[PDB]
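Notes follow once the structure below has been shown.
Hydrogens, waters and symmetry mates are skipped; everything else that's a heavy atom, side chains included, is used. Proteins come first, then strands; the chains are lettered A, B, ... in the order of their sequence lines, and each starts at number 1.
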Amino acid sequence: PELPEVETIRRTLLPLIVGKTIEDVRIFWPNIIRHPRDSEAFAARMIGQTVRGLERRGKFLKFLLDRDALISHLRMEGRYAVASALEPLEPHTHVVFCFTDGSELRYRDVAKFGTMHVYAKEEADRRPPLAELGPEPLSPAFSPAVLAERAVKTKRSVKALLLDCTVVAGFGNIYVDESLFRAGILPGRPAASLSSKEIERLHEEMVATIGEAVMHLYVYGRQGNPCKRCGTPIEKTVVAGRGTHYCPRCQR
DNA sequence: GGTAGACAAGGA
DNA sequence: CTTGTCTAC
Ligand SMILES: [Zn+2]
């Protein structure tokens, strides 16, 4: 899921788990557990803690408990659901947190790409994987100046810069293409080639694009089809990855 | 020290 | 194939 989907998960999962006490943690694919490295220590330390909150950083969910934070990335297709301990597990359930009220927080992930790190709360933000994360796109910390400062230090594509989690948190592929389109900038352009009016436009389209999604696509997945503004066939190439979609006329 | 590819996997 | 980032050069 993209940042807006994760924020939707954050918001809807929280009431379903807040104030619940962990009685057991069950793990069926231990590699999902990245810290502590031993999954039995991961399970043991969680037990007896009550869930107090749920926050989001980039595409990371941060479950806040009594002493610890659980940092969770869904990556490709992880999913959480709350359900009764009396029901059979859905397929591809790899981690289950059992609550004292007989309900469960279940983590499913067909790919098994998702990760989990548990640290003392105070430590979470200065450890992998939150440590080097860039500012939230929708916050004051992510500004034209911050974006300007990074662009002018590197020769790589403006798309590659924006996909860099240290520049800005959780800006997905779909939103990079869309934002660049709306700002009229080519995804393959060197970051250091952008004018200051250009970075200000990009910054402002980044915030609007991600901001509308949080609360109708122009280029993403639309290759071969008429651009919605000028009617020029949308084109698809490879930039910093990765499927890159753009209009050759609208974007410069 | 600055940046990709490497790397995690089960199904078309 | 299909994705996100942080470890590896
Ligand atoms: Zn166009």
Among [options], which nucleotide sits nearest the side chain of [X]?
X        : options              : result
A:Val110 : B:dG10, B:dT3, C:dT2 : B:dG10
A:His92  : B:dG10, B:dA8, C:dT3 : B:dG10
A:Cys165 : C:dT5, B:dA8, B:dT3  : C:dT5
A:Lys112 : B:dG10, C:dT2, B:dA8 : B:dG10
A:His73  : C:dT5, B:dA8, B:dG10 : C:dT5
A:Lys59  : B:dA8, B:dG11, C:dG4 : C:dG4
A:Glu2   : B:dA9, C:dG4, B:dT3  : C:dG4

- Does a nitrogen or oxygen in the side chain of A:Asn31 sit under 4.0 Å from OP1 or OP2 of B:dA9?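 For B:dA9, OP1 or OP2 has a side-chain N or O of A:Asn31 closer than 4.0 Å.
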
- Can you tell me if the side-chain N/O atoms of A:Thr154 get under 4.0 Å from OP1 or OP2 in B:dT3?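 Answer is yes, contact under 4.0 Å.
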
Separation of [X] atom [atom1] from [N] atom [atom2], in whole Å?
X        : N      : atom1 : atom2 : answer
A:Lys159 : B:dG5  : NZ    : P     : 14 Å
A:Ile174 : C:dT2  : CD1   : P     : 16 Å
A:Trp29  : B:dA9  : CH2   : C1'   : 8 Å
A:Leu133 : C:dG4  : CG    : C1'   : 11 Å
A:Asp177 : C:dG4  : CG    : P     : 12 Å
A:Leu161 : C:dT5  : CG    : P     : 15 Å
A:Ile32  : B:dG10 : CD1   : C1'   : 13 Å
A:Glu77  : C:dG4  : CD    : P     : 11 Å

Under 3.5 Å, side chain of [X] to main-chain N/O of [Y], donor-acceptor pair present?
X        : Y        : answer
A:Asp66  : A:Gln49  : no
A:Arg222 : A:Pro226 : yes
A:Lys20  : A:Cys98  : no

- Side chains of A:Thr50 and A:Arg52 in contact at under 4.5 Å (non-hydrogen atoms):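 A:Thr50 vs A:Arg52: side chains touch.
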
For [N] and [M], measure between their [atom1] atoms and round to the nearest Å.
N      : M     : atom1 : result
B:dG11 : C:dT5 : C1'   : 24 Å
C:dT7  : B:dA9 : P     : 16 Å
B:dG10 : C:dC6 : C1'   : 24 Å

- Treating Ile, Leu, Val, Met, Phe, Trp and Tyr as nodes and any side-chain heavy-atom pair under 4.5 angstrom as an edge, say whether A:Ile47 and A:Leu64 lie in one connected cluster.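 In one cluster with A:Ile47: A:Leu64, no.
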
- Message: Does the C1'-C2'-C3'-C4' torsion put B:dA4 in the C3'-endo-side north group or the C2'-endo-side south group?
- Response: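 On the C2'-endo side: south.
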
- Task: Would you state whether a donor and an acceptor, one from the side chain of A:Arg242 and one from the base of B:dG5, lie under 3.5 Å apart?
- Result: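 Check fails, no donor-acceptor contact within cut-off.
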
- Item | Pair A:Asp109 + A:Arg75, salt bridge at N-O below 4.0 Å |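 Salt bridge flag = no for A:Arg75 with A:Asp109.
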
